[PDB]
Amino acid sequence: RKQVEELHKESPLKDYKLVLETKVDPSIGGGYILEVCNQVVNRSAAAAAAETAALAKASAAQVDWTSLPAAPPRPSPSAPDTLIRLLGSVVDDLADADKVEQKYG
Amino acid sequence: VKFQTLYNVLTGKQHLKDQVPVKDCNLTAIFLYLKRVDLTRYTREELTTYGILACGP
Amino acid sequence: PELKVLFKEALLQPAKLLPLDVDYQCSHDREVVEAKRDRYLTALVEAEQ
Amino acid sequence: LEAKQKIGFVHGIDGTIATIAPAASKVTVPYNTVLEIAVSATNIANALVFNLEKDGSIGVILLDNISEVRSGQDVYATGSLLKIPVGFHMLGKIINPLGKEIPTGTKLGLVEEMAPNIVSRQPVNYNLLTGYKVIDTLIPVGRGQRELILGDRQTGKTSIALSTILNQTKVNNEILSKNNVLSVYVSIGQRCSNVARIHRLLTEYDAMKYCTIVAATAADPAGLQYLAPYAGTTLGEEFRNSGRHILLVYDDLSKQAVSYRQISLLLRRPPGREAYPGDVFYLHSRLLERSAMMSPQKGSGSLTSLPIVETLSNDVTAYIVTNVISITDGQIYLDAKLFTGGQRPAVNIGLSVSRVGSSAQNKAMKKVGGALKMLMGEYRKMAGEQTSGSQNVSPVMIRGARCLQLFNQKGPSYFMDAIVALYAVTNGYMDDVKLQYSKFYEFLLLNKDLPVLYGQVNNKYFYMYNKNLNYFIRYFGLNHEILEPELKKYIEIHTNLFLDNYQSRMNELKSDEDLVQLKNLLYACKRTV
Amino acid sequence: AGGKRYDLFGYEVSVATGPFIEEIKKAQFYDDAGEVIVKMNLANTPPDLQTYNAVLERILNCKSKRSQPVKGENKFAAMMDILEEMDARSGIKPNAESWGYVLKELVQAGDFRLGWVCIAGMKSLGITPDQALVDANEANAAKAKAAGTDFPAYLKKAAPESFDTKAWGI
Ligand SMILES: Nc1ncnc2c1ncn2[C@@H]1O[C@H](COP(=O)(O)OP(=O)(O)OP(=O)(O)O)[C@@H](O)[C@H]1O
Ligand SMILES: [Mg+2]
Numbered sequence: 160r161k162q163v164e165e166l167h168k169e170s171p172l173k174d175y176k177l178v179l180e181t182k183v184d185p186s187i188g189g190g191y192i193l194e195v196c197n198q199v200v201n202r203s204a205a206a207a208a209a210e211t212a213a214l215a216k217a218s219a220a221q222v223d224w225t226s227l228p229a230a231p232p233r234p235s236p237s238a239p240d241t242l243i244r245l246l247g248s249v250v251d252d253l254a255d256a257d258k259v260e261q262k263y264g
Numbered sequence: 014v015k016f017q018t019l020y021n022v023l024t025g026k027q028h029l030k031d032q033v034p035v036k037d038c039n040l041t042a043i044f078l079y080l081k082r083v084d085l086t087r088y089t090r091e092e093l094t095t096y097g098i099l100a101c102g103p
Numbered sequence: 281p282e283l284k285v286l287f288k289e290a291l292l293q294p295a296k297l298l299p300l301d302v303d304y305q306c307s308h309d310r311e312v313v314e315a316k317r318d319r320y321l322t323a324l325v326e327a328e329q
Numbered sequence: 023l024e025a026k027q028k029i030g031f032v033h034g035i036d037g038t039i040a041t042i043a044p045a046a047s048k049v050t051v052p053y054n055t056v057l058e059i060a061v062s063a064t065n066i067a068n069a070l071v072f073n074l075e076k077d078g079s080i081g082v083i084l085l086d087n088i089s090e091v092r093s094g095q096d097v098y099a100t101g102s103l104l105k106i107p108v109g110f111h112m113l114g115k116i117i118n119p120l121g122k123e124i125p126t127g139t140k141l142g143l144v145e146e147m148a149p150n151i152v153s154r155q156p157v158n159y160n161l162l163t164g165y166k167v168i169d170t171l172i173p174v175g176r177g178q179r180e181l182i183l184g185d186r187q188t189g190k191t192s193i194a195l196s197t198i199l200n201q202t203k204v205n206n207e208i209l210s211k212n213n214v215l216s217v218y219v220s221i222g223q224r225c226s227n228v229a230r231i232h233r234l235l236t237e238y239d240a241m242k243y244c245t246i247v248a249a250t251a252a253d254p255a256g257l258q259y260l261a262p263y264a265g266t267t268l269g270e271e272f273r274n275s276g277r278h279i280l281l282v283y284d285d286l287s288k289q290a291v292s293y294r295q296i297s298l299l300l301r302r303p304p305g306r307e308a309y310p311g312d313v314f315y316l317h318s319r320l321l322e323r324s325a326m327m328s329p330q331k332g333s334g335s336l337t338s339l340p341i342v343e344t345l346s347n348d349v350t351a352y353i354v355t356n357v358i359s360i361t362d363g364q365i366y367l368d369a370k371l372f373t374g375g376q377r378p379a380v381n382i383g384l385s386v387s388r389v390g391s392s393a394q395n396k397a398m399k400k401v402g403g404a405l406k407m408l409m410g411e412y413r414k415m416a417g418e419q420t421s422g423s424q425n426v427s428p429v430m431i432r433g434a435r436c437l438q439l440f441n442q443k444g445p446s447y448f449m450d451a452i453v454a455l456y457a458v459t460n461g462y463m464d465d466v467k468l469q470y471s472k473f474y475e476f477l478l479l480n481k482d483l484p485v486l487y488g489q490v491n492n493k494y495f496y497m498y499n500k501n502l503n504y505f506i507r508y509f510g511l512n513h514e515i516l517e518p519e520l521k522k523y524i525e526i527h528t529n530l531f532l533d534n535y536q537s538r539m540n541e542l543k544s545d546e547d548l549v550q551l552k553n554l555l556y557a558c559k560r561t562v
Numbered sequence: 023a024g025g026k027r028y029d030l031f032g033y034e035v036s037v038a039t040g041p042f043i044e045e046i047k048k049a050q051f052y053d054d055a056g057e058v059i060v061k062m063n064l065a066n067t068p069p070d071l072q073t074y075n076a077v078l079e080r081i082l083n084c085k086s087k088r089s090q091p092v093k094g095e096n097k098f099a100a101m102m103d104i105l106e107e108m109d110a111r112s113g114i115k116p117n118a119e120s121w122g123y124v125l126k127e128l129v130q131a132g133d134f135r136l137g138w139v140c141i142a143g144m145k146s147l148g149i150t151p152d153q154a155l156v157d158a159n160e161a162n163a164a165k166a167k168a169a170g171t172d173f174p175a176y177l178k179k180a181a182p183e184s185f186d187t188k189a190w191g192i
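Chains as they are written, first to last, in PDB author numbering: chain M, 160 to 264; chain c, 14 to 44, 78 to 103; chain h, 281 to 329; chain C, 23 to 127, 139 to 562; chain L, 23 to 192.
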């Protein structure tokens with residue numbers, strides 16, 4: 160009742176008399192559904208339990224255990240001049256092979 | 014639910030994205079078959095080159 | 281003669297030259313890093329010889 | 023605490039649309055606002071108001087969980103417009119136009146907003162490098178610009194926009210994050226597999242950090258295909274207002290017009306020309322006038338738009354096409370007669386223009402594009418002639434044809450790597466080579482520095498290997514005292530070494546094996562360069 | 023206490039720029055500095071030369087663009103993009119200090135050729151470099167000369183004598 164007439168106060172109209180009707184749901188085993196001044200508030204087991212269950216369902220869908228988590232981002236190589244002076248023409252081939260191994264191996 | 018996924022990966026019933034291979038470090042970072083995973087920890091190149099596995103498990 | 285000294289120094293410490301910390305963070309599996317390291321040594325050996 | 027307000031019950035449903043029956047009389051619904059339909063005790067079907075009637079009934083566009091809709095379901099009202107989440111957290115995602123993410127393997142922004150008024154936007158000053166020489170030289174695209182992409186089916190409409198998205202990446206990793214241009218790819222009514230391949234392409238070249246994709250596939254409801262491009266521009270709102278840059282790619286807008294037709298006709302709006310309701314011009318107008326280069330008062334932000342419109346039998350007389358040419362600044366007309374005739378991208382320059390011009394493109398590109406316009410205007414008058422004066426050919430007939438070879442690409446071209454290939458043409462260094470070797474030349478000019486190889490290194494700095502001269506070229510220009518002479522003393526050596534060592538060997542080939550080998554090489558050069 | 027500035031639409035414009043320059047100097051990663059330009063410009067305070075040079079300082083002296091690393095970072099290209107935003111877009115023009123910040127980076131980056139471009143461009147604009155940087159540019163040049171690092175190695179190797187789509191690398 161308290162929630163009912165308080166919702167009736169929150170409406171733009173309150174001067175109109177209020178008539179209350181109570182009915183039975185086989186779908187709802189806990190809680191109530193109340194409509195006043197074309198404003199409905201649903202606090203039911205079918206709705207509340209599914210609302211809390213939806214969080215679990217969404218969280219389960221988000222995760223991908225099968226997948227591998229992404230590694231930290233890698234910066235540019237910036238190879239030193241001493242490396243390059245030792246191996247002039249080879250570092251390009253070795254970087255290409257490194258990409259190949261990072262993908263396949 | 015995840016422990017179930019782990020068990021399915023160990024049995025080999027499920028596969029990984031971009032054909033990722035199963036390894037202990039791999040698995041650890043995601044999170078008889080177990081002994082094979084223990085072998086998988088050790089470097090493959092080291093084992094083959096040094097013939098460590100040739101003697102036996 | 282400088283180049284010879286540089287080749288010797290590189291052969292003594294090949295891993296020091298490369299960034300070890302960066303590579304470890306970057307590579308998911310240590311094995312990949314190891315293989316990369318193994319190739320560089322053979323390159324230097326074939327170069328000096 | 024939070025009591026949902028109901029307005030009526032579902033009266034009828036026709037596929038994607040519905041008709042509401044209001045519960046009470048004093049209840050009043052707004053227009054364009056979102057409604058909710060309690061398809062179940064758990065889930066909700068979003069919607070939108072498209073009509074209101076003297077009977078109080080409401081013509082409704084549905085957007086989610088249509089199959090779960092019935093007649094008699096309780097209908098609620100938010101009393102707010104359709105909004106979506108917005109922010110930098112959305113970059114790197116595919117997203118339903120309702121903001122829902124599409125898996126693979139706080140803030141809210143209005144979907145329909147007024148456009149930047151006539152004081153709140155700066156003229157076009159800065160460029161948008163689409164990566165293609167015709168579009169960077171002769172059809173200069175800028176920022177805060179909206180340029181259509183016309184073409185018959187399977188001509189390269191999608192690929193020009195994707196290549197723009199892929200060209201911007203290298204720069205954005207170098208420049209600050211204020212001058213980087215992000216991207217949005219909107220797929221209206223497309224096939225879900227095309228979207229997957231686009232995602233994987235961008236992910237290969239790492240262009241997905243700076244791209245989101247608004248997917249409204251063919252199986253999706255027509256209302257969702259209708260409000261997709263608005264979702265894209267709604268994301269562009271924040272990057273305007275956050276002073277950043279952003280690019281829009283509206284894949285087929287014709288498919289966004291079929292959806293509006295479907296909605297309006299099923300809601301018993303009167304048809305019009307080609308069965309459209311009539312106000313489909315205002316639709317794309319609302320969508321496209323939101324593009325602008327914003328005033329410095331508003332952050333000097335921008336959003337470029339590359340709308341795409343499919344064409345049938347190369348006509349520009351259809352309703353929606355004219356409605357969009359009217360709106361957009363320029364247009365990139367892609368002719369199947371040229372796509373089929375060999376050249377790719379099949380840009381037809383006679384029908385493709387840009388209503389901004391030099392002001393968009395670069396100081397270094399102004400002086401080359403102004404030369405190519407003259408050269409192509411002169412070549413346009415002569416190139417119909419089967420070349421009779423083989424040695425008496427005009428220089429224009431030479432330079433123009435080599436430039437057409439250079440226009441042939443597959444992917445985007447770096448700015449430094451584009452001009453230096455066009456400068457040689459306009460100044461005639463590439464006149465002794467033949468047409469068929471115009472790209473192998475370019476390949477060596479850009480990826481195999483000959484004078485560095487053959488020892489002819491007198492240039493102090495100017496070489497194409499460094500790739501950081503782009504910024505000096507961009508700032509100083511090529512027609513500058515410090516860069517002009519070194520440029521010539523790179524290209525003349527490239528030409529002489531080519532003409533002597535490579536060209537000479539090429540013309541000496543007679544066998545079929547070797548000539549077929551050399552054949553396929555030049556096609557590869559036409560693709561990669 | 024200065025000549026009042028105006029936008030292209032003749033509207034009066036703010037000049038109180040100091041409070042924003044301090045946020046640049048207090049920065050630690052040189053992408054936030056650009057964002058300070060943005061939040062400054064939204065407030066009807068357009069950047070001045072002093073602000074852009076503060077940003078070039080913060081660029082040159084910062085370690086990375088963002089907190090995490092980024093592939094394709096080029097400390098030079100950001101600095102040389104600000105100068106395009108300066109000359110062309112905004113109408114402001116750089117000074118000796120600006121190009122000084124620019125040349126210091128090419129010394130740090132070891133790229134000795136782009137330096138000489140900057141050396142020539144300065145004097146074509148009347149600017150004169152500091153010989154401390156010119157000599158370091160020539161030092162990097164001499165080192166790379168004697169060492170064979172005058173060019174990369176992949177350019178100094180012979181090309182395929184036979185035409186083949188694979189040999190050329192395409
Ligand atoms: N510049 C180019 N070089 C090589 N191939 C190209 C080029 N442009 C387009 N193509 C090819 O043309 C085909 C279609 O391109 P695109 O996907 O852009 O077509 P479209 O304009 O979207 O037509 P539709 O929308 O009907 O698919 C693809 O095979 C694509 O690789
Ligand atoms: Mg397409």
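By construction, the Cβ of each residue, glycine as well, lies at the ideal position given by its N, Cα and C atoms.
Check: Nonlocal neighbours in the same chain, by C-beta distance under 6 Å from C/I66, ignoring five residues either side; Outcome: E58
Check: Under the three-state DSSP convention, the category C/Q469 falls into; Outcome: helix
Check: heavy atom of ligand 2 below 6 Å from C/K190 C-beta; Outcome: yes
Check: C/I66, DSSP secondary structure in three states; Outcome: coil
Check: Buried versus exposed, by CB contacts within 10 Å (16 or more), c/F44; Outcome: exposed
Check: N-terminal and C-terminal residue of the beta strand (DSSP E) that M/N201 is part of; Outcome: 198-203
Check: For C/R179, three-class secondary structure by DSSP; Outcome: strand
Check: Nonlocal neighbours in the same chain, by C-beta distance under 6 Å from C/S387, ignoring five residues either side; Outcome: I172, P173, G363
Check: C-alpha gap between L/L128 and L/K178, whole angstroms; Outcome: 23 Å
Check: Closer than 7 Å to chain h by CB, M/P228; Outcome: no
Check: Interface flag, c/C38 vs chain h, CB-CB below 7 Å; Outcome: yes
Check: In chain order, each alpha helix (DSSP H) run of at least 4 residues that lies wholly inside the stretch 325-368 of chain C; Outcome: 352-358
Check: Beta-carbon spacing of L/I43, L/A76 below 7 Å; Outcome: yes
Check: Within the stretch 144-203 of chain C, ranges of the beta strand (DSSP E) (whole runs, at least 3 residues); Outcome: 180-185
Check: Coil, strand or helix - C/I42 by DSSP; Outcome: strand
Check: Local conformation of C/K443 per DSSP, three classes; Outcome: coil
Check: Stretch-stretch touch, CB-based, cutoff 8 Å, three pairs: the stretch 256-268 of chain C with the stretch 67-84 of chain C; Outcome: yes
Check: For C/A290, the first and last residue of its enclosing alpha helix (DSSP H); Outcome: 287-299
Check: Chain M contact residues for c/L78, given Cβ-Cβ distances below 9 Å; Outcome: The premise fails here: c/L78 is roughly 22 Å from chain M at the closest Cβ pair, so nothing lies under 9 Å.
Check: Proximity test, C/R186 beta-carbon vs ligand 1 heavy atom, cut-off 6 Å; Outcome: yes
Check: Contact under 7 Å by Cβ, C/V97 with C/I42; Outcome: yes
Check: Per DSSP, cross-strand counterpart(s) of C/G81; Outcome: C/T41, C/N73
Check: Sub-7 Å separation of C/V453 and L/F173 beta-carbons; Outcome: no
Check: Closer than 6 Å: L/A23 CB and nearest ligand 3 heavy atom; Outcome: Only ligand 1 and ligand 2 can be found as ligands here, which leaves ligand 3 out of the picture.
Check: Min CB distance h/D309 to chain c below 7 Å; Outcome: yes
Check: Ligand 1 heavy atom lying under 6 Å from the CB of C/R230; Outcome: no
Check: Residue from C/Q27, C/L483, C/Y498 whose Cα sits closest to the Cα of C/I526; Outcome: C/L483
Check: Contacts around C/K396, its chain only, beta-carbon distance under 6 Å, and the 5 residues preceding and following it disregarded; Outcome: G510
Check: Segment contact, 8 Å Cβ cut-off, at least three pairs: the stretch 424-438 of chain C with the stretch 396-413 of chain C; Outcome: yes
Check: C/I358: contacting residues in chain L (beta-carbon distance under 9 Å); Outcome: Here the premise fails: no neighbours, minimum Cβ distance about 29 Å.
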